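First comes the structure, then the notes that go with it.
Each ligand, and each atom within it, is numbered from 1 in the order the structure gives. Values below: every heavy atom of this structure, side chains too, minus hydrogens, waters and symmetry copies. Residue numbering restarts at 1 for every chain, and letters A, B, ... go by the order of the sequence lines.
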Amino acid sequence: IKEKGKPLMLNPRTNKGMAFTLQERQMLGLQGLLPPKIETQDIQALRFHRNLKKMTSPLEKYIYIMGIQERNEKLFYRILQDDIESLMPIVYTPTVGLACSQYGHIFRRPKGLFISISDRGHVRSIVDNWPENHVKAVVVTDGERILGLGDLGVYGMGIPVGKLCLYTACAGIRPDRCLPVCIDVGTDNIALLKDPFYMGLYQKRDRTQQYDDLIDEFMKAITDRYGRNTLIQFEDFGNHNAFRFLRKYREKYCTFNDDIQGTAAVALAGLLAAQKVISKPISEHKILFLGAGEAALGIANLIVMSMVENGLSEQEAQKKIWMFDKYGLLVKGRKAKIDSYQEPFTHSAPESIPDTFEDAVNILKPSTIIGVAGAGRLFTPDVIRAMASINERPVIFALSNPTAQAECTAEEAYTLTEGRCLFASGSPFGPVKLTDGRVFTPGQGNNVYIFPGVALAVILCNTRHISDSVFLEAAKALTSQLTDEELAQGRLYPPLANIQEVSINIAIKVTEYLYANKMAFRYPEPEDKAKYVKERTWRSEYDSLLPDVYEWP
Amino acid sequence: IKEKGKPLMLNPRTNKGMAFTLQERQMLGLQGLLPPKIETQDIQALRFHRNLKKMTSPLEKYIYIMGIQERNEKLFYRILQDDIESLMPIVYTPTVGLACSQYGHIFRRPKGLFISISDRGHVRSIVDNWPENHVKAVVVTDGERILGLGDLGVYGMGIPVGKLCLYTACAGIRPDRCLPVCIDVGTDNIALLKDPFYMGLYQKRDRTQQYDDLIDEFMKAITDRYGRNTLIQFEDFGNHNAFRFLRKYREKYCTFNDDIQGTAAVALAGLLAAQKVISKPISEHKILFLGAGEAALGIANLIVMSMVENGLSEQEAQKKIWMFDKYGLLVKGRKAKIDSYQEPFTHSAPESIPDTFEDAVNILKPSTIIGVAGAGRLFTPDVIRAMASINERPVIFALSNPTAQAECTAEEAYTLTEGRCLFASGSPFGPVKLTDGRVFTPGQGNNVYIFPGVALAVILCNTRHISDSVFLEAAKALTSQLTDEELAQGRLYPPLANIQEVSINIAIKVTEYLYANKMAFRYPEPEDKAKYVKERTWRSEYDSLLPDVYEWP
Amino acid sequence: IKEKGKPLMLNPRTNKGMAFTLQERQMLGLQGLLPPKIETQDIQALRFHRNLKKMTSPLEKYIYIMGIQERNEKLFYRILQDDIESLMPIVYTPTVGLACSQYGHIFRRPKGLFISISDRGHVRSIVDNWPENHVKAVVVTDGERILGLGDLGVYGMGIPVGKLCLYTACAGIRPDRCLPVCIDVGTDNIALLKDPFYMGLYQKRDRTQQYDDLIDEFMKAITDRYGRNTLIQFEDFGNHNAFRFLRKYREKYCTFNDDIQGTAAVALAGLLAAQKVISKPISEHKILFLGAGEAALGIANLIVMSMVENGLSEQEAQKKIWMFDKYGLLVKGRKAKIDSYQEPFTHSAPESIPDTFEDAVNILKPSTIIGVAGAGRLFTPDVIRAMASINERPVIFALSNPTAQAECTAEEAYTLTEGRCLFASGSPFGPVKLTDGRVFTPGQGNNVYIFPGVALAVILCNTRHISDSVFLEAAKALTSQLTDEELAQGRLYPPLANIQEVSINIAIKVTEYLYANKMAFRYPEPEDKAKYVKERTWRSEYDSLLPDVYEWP
Ligand SMILES: NC(=O)c1ccc[n+]([C@@H]2O[C@H](COP(=O)([O-])OP(=O)(O)OC[C@H]3O[C@@H](n4cnc5c(N)ncnc54)[C@H](O)[C@@H]3O)[C@@H](O)[C@H]2O)c1
Ligand SMILES: NC(=O)c1ccc[n+]([C@@H]2O[C@H](COP(=O)([O-])OP(=O)(O)OC[C@H]3O[C@@H](n4cnc5c(N)ncnc54)[C@H](O)[C@@H]3O)[C@@H](O)[C@H]2O)c1
Ligand SMILES: NC(=O)c1ccc[n+]([C@@H]2O[C@H](COP(=O)([O-])OP(=O)(O)OC[C@H]3O[C@@H](n4cnc5c(N)ncnc54)[C@H](O)[C@@H]3O)[C@@H](O)[C@H]2O)c1
Ligand SMILES: NC(=O)c1ccc[n+]([C@@H]2O[C@H](COP(=O)([O-])OP(=O)(O)OC[C@H]3O[C@@H](n4cnc5c(N)ncnc54)[C@H](O)[C@@H]3O)[C@@H](O)[C@H]2O)c1
Ligand SMILES: NC(=O)c1ccc[n+]([C@@H]2O[C@H](COP(=O)([O-])OP(=O)(O)OC[C@H]3O[C@@H](n4cnc5c(N)ncnc54)[C@H](O)[C@@H]3O)[C@@H](O)[C@H]2O)c1
Ligand SMILES: NC(=O)c1ccc[n+]([C@@H]2O[C@H](COP(=O)([O-])OP(=O)(O)OC[C@H]3O[C@@H](n4cnc5c(N)ncnc54)[C@H](O)[C@@H]3O)[C@@H](O)[C@H]2O)c1
Ligand SMILES: O=C([O-])C(=O)[O-]
Ligand SMILES: O=C([O-])C(=O)[O-]
Ligand SMILES: O=C([O-])C(=O)[O-]
Ligand SMILES: [Mn+2]
Ligand SMILES: [Mn+2]
Ligand SMILES: [Mn+2]
């Protein structure tokens, strides 16, 4: 660090608070600007937990902790690391959805880069305004599909911000090499347009070619300054655009879409663990999705990749997967439109045309059910009872977020199937004890289990493009960490409390895969992949800021 | 403004948030670093009040609002300005006392300059570490007598910080020209010495000549760098040190003691207003003080100054004044020691020596009672009832702070006297409505009504030293702004809500006084002192940060 | 750029002087700090040539122009560009040698990174002290063999400094991406160890393993901060270390030795041009070197690569080469030592052992002669007359530098052979007109014709390592640019006034070779190489420093 004096305290990246040693204070011009007390990160950590403990609401907790990131970055991450599982619901789903829908009312300081349609032709000048010179990862959103909350416009910047926090909290990626970005081309949200606190352009969404050009101009600007292999993760974009930009840029830049490919990998991993207990014959699998968008089509695709690799031909696999959206069951010749992606899973209408999702379950008699409609409690008791009636061990996945949009609760799933189901959810739920004394502990099927470790692998390997088989590998790498004991408790995923090592482990496996398939370019190739990864993780412990002073012989 | 980029946003002195213009953004390198929305201070203020309204406790509010000062200085004062009366109890007494006691728990960022006994011989280098180069006003403490809370050590820094906020919020003094200072020579407070969050040196107070030498080195360092006429206000020092440092510096430097002299001025003004209703024959006045320290002795010396200038002799005036401390009534020959400042009011004991304060009232039969012991409710119902019985219109001042250390309440005072008392308090109390329907609105006899306006004047006139007559004058300037309809409500002081103009008016009147007596060195002399003063007040309105761009012919 | 105000003028990299436009001055805070006149670089250029014209000595001119590098970088390179051929003798050989030998007397400001043996163990902290963060090229020396001047210790920093100027002035490599380094481990120069103005450690050279560590620590420090593919050009190292370091590092880092490999290619090119006029049968080629060091072994080796390529075998080619050093003809069994590298060119003594270089010429009767002993006029008249007798068109290369160390002059070569010799020198010599009227314009055989264009190629291709065959291609790309007309005048190389385009053209040839041989890693690969290189060259034209201000819809 080149700076000295107060500027060191004003920048959260460097500010150590009372943890600045006396030598540091005297040598860096800080003597007098801090109380005469020298503290440790541990004392600071104590102050935090003491304070947090006394707090009452989750949003209040969110504002308190997210604020530390703007005062003392090192301490911020230390605090998450102290107990990531307990803070996850505040910092991530579901409280993050609340913060977003409230972004303008709680505003204090901005975070990330903001690029609006009004800046077209001048995006490179905006990118050059970013203080950090070595960004490696970017998470960008246009805010049209924020969780299951829909179009929140610029209030959606909360997502990319929180997403990168996990980059560092889960996989040890350097915070100063991360860049959250929000593309503001307007919002179709009538209430936000009438909101005095709204933080974006007061106009409807510009869907013309101008939009595509702005995005294209954005990708170019980012890579022109930071490099062609700068990781770019697309997050919470609308259905149409999400698929379009993925197909358009995946072979050109180092990019992927979390909602489509990250979700694909976590779901598969949970489906794999489930099979470990059911061991059902492949010719018998029959999956039915509620919803048919980004997540649904992404999961369905990884599932087919797996079945195919487990025998079945691509076409046979697809026949095992069905979808039911807001218009009904996806069957050939239906009135409602069917896109190019849904096509493969759109099949000939069965004996009868289901009117409700309950009808579908009964007619189709699926073995697995996957909720990803973002429309609330659609896995009703009747649907849950039907699944348990049809199956001995039904697999029930309600992945919509935040919690309020989920398809059903863990308690609803376990109690209604007499503890026979294998359940997973997108948002957090605690253990379930039935009137009979049995206790079931459900796992969280959320892409946070996937993106952190995959991002670290790609960054470290100087990888240029991310293929789908890279997520298939991550799926396998995550599920191979589940122990029988945990599986026994009802967990289809490793404990959230250990998400740090689980990520690092996924990174190691993925970098082993990239190098093995000639997708890595970092040289020379490391002998010991695991030691290589573990060796380059960012730590929340303070570094010495003292200059190298030494005597000459 | 020689800075551009993120730094403009990291420094609260310059940060405007979404209030930075689009042109300011494009020209200063901030485009992209802020959300697309351009806001007005008016909207920012709206976000604050909405948020504050949702909050429950005062210390939570105190943390919220004092934090704004570290994010956006201008909005901070705008927030205070929007309603100084409702925020004073949170930002000032009592809550400021609660915050000092909680200082180590609520810590987030330091404020002010910290000089410790361990830094002796290096004070200058610490002073040179302060970022601003044109400081004009300093408020310093050692934390030995924080309000009526006692020795709070470094936790007492919240006092100078708070006093200086009022320098700007009440008198329009420029924030960047203000500097809070805490002298840390240790603490005798056992509780803090075993507190892991304590912010100072872990040692008992050093009271050797090394203490004196540090104060010496402090005064010299401050004036060597900022100028000999720099205003230095002492605050909350222990009794012995407060008096000796005043005597020691008042003619060498531009310094005064707020607790001694400031309190004297506010007390006298309330007494001057009371007399407006009592019209009591000077010879009959009999004043009894509960306590005989810094505040008590200062008020007493000014009372005498008023009396002497109204006809009495110095000796004849000091005889109308009696003091009762923790050892009892001050009389000639008593065992408890009597200092040089106390002699003038230590009289030959009466017929019977009072054992309790109630006895001293019934024996001396005072017309006025002034509580300044900081020991709690020593003005008991019996004491209040005695005054109501002795005087038709008793004068009762409970000036001890915070509220818990106050001798009595407004409710108690008016009620027990049947609305016959003229009551004032150091801390805030709402209006009292007697069961007969009458309502009383008590004034706040606190030095906040005096130090801001006196400081402004002194600074503007480049005054070199402060005489007691300045305070006598300032006492006159305050009361002169009290209206009948106000006195009628029961207020012995102008409504807190207009503390801004009151302070400006007092300032104008003191600068006139300083010039008239040749104590002002600002040249040339303003013909219109009012215009002169009002002209130089700092405003909370945002300033334009745009570079001067213009076409040449 | 993120700075504004005086810093902009203090930093030579940005300073434009009166070239700062009015709008630039107003928006960036320079209004008033510059005279009211707005100038053009053309006017500034005129001012320079005007003042240089009145100057007397070459050193006085060197001091003046090198100083501009520290005041206005953009202008410094415009000045060279105006007329490189006339400035080269001042900025390069021979005046650079006089500068170095005088480095301590002419000092005003330092240039480059200095690393001493006394900083062993702390080199990384030194590297981190360099202001630029994207270095792509380094040129380093320890000053043991500065030109033919010998060991000049730290006074040799002029060499690396001058080389990098040419990197920019010749091939358009960005100046901020270049970094000259001097390794000071002491000096054996007894004179310098007695010079109160000497700029390095006052101790003889440390030749222990410590020397090896330092260099190792240096290579690691550099690569860690800037990357594994950062170009590191070695220059003017002693004989032993030059070869040992080259071998040791050529496979681990992207490095080469200018004196060994650079010189190899220039000389080969000149030889190739001569062959055009001589058409001598490859079978009768007979080269005799005067000197057996870095350059001699470097040229001989590239020479062989060609013959071998043109039919012969490595064995028979080497037999055509002979060498003669300060001890005599390199013959097997000789008293004096013959190292690993000399081996292939140390042959079985001839019937008669040559006592002097003339006798050597007489006995071996070579077709070509190449001086690279750096010990003065060893190509005596008799030796030149001999070559003329033995040969119809003798080839005479006197490459030792600086001019005073050259083997003979152009006038000596042409006159003594009656215009039949094909001559080239390392230092500059003007045209020669014989008594009979014929005018001969000699070419300069210096690596400056090679290192700039190769460096640019490597850097642009993200090349990891440099093969000797790369220098064979450079030798061809250079000679391939020669026109029969220039050859007609007597030039064996393109005119110096064209070095810029001759460099870019060589750079374009090499990146095609690199890519073609899978040695390039930049991605994707450029379709049109010429366009790719020309598009990436740095220009000395001022760039606009105005912020991006624009209207929003
Ligand atoms: N202060 C700086 O700007 C700075 C400091 C250190 C390294 N670097 C850069 O790193 C490269 C050197 O390689 P290396 O030793 O870092 O490792 P490496 O070469 O083994 O790592 C490969 C890539 O992963 C990146 N990387 C490593 N750890 C990372 C982390 N924890 N979070 C995010 N990105 C990470 C690196 O930047 C590098 O591009 C150099 O090119 C240099 O530019 C820059
Ligand atoms: N747990 C995870 O890791 C994770 C990851 C990504 C997305 N999600 C969640 O999945 C949900 C959908 O995300 P997406 O990107 O696929 O959305 P999308 O907008 O691309 O698709 C939404 C789909 O839901 C369908 N739908 C809406 N209402 C329906 C209803 N009432 N009944 C039946 N179908 C209905 C739509 O027709 C559409 O097919 C969101 O709530 C999101 O939070 C979870
Ligand atoms: N309202 C204002 O503007 C204002 C200004 C300054 C100080 N004060 C308040 O006045 C109080 C005293 O401050 P100070 O500077 O005078 O302190 P000090 O220590 O100088 O004097 C305190 C005096 O009160 C006496 N005392 C203590 N306990 C007593 C008891 N139980 N009964 C009778 N007398 C007792 C002490 O003996 C001493 O003489 C503090 O609580 C402070 O907050 C108010
Ligand atoms: N950026 C700076 O450092 C800066 C800027 C403007 C003025 N100044 C100083 O002000 C002096 C010129 O006089 P002037 O035109 O400012 O006023 P002035 O001469 O009318 O005022 C007399 C004194 O009061 C002070 N002052 C005025 N308003 C003040 C305020 N609102 N809060 C605190 N202090 C205040 C001034 O510093 C000055 O020393 C010069 O000595 C100069 O050094 C400094
Ligand atoms: N201000 C900066 O630090 C800055 C500015 C622009 C680009 N860059 C870097 O350049 C890379 C992007 O590629 P590009 O668009 O520059 O070109 P490129 O990728 O086509 O060029 C290939 C390599 O040659 C280097 N290069 C190009 N011209 C050079 C020159 N004239 N002199 C010396 N080296 C030169 C580049 O640094 C690059 O590493 C990124 O890695 C980025 O970090 C840095
Ligand atoms: N023109 C160019 O492009 C260019 C490039 C590199 C080096 N050079 C010049 O070549 C000269 C030597 O450099 P080097 O790297 O080969 O050095 P070196 O020390 O590695 O080799 C010098 C050789 O000359 C021999 N020698 C010394 N004195 C001799 C004498 N009196 N008679 C006969 N032989 C003698 C030595 O034995 C040795 O073999 C220097 O003057 C240098 O300036 C020119
Ligand atoms: O989109 C989502 O809901 C997510 O990523 O968790
Ligand atoms: O000391 C006090 O109580 C004050 O200053 O208000
Ligand atoms: O070493 C030399 O003489 C050179 O490079 O010109
Ligand atoms: Mn998402
Ligand atoms: Mn006080
Ligand atoms: Mn050289």
Tell me whether ligand 9 is touched by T93(C) - counting only heavy atoms on the residue side and a distance under 4.0 Å.
no
Is ligand 9 under 4.0 Å from a heavy atom in the side chain of [X], in the backbone, in both, or in neither?
{"X": "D236(C)", "answer": "side chain"}
{"X": "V448(C)", "answer": "neither"}
{"X": "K163(C)", "answer": "side chain"}

For atom 2 (C) of ligand 9, grab the closest protein heavy atom and report residue, atom and distance to one decimal in Å.
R145(C) NH2, 3.5 Å
Among [options], which one has a heavy atom closest to [atom]?
{"atom": "atom 42 (C) of ligand 3", "options": "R145(B), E144(B), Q405(B)", "answer": "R145(B)"}
{"atom": "atom 22 (C) of ligand 3", "options": "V372(B), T93(B), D339(B)", "answer": "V372(B)"}
{"atom": "atom 29 (C) of ligand 3", "options": "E294(B), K326(B), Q444(B)", "answer": "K326(B)"}
{"atom": "atom 3 (O) of ligand 3", "options": "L329(B), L290(B), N447(B), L378(B)", "answer": "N447(B)"}
{"atom": "atom 26 (N) of ligand 1", "options": "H134(A), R174(A), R177(A)", "answer": "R177(A)"}

Distance below 4.0 Å between atom 12 (C) of ligand 1 and any protein heavy atom?
yes
Under 4.0 Å and counting heavy atoms only, is there anything from the protein next to atom 1 (N) of ligand 1?
no
Below 3.5 Å, N or O to N or O, backbone or side chain included: is there any such pair between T537(A) and ligand 1?
no
Provide the number and element of each atom of ligand 3 under 4.0 Å from a heavy atom of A375(B).
28 (N), 31 (N)
Numbered atoms of ligand 3 (with element) below 4.0 Å of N239(B), judged on heavy atoms
18 (P), 20 (O)
Ignoring angles and geometry beyond distance, decide whether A292(B) reaches within less than 3.5 Å of ligand 3 through its nitrogen or oxygen atoms.
yes
Run the contact test for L460(A) against ligand 1 with a 4.0 Å cut-off on heavy atoms, strictly below, and give the result.
yes
Verify the neighbour count for atom OH of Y523(A): are there more than 12 heavy atoms of other residues, nucleotides or ligands below 6.0 Å?
yes
Should we say atom CD of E527(A) is surrounded by more than 12 heavy atoms from elsewhere, each under 6.0 Å from it?
no
Decide whether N401(C) and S427(C) meet the rule of one side-chain donor and one side-chain acceptor closer than 3.5 Å.
yes
Determine, for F521(A) and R464(A), whether the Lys NZ or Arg CZ falls below 6.0 Å from the six-membered ring centre while staying within 45 degrees of the axis.
yes
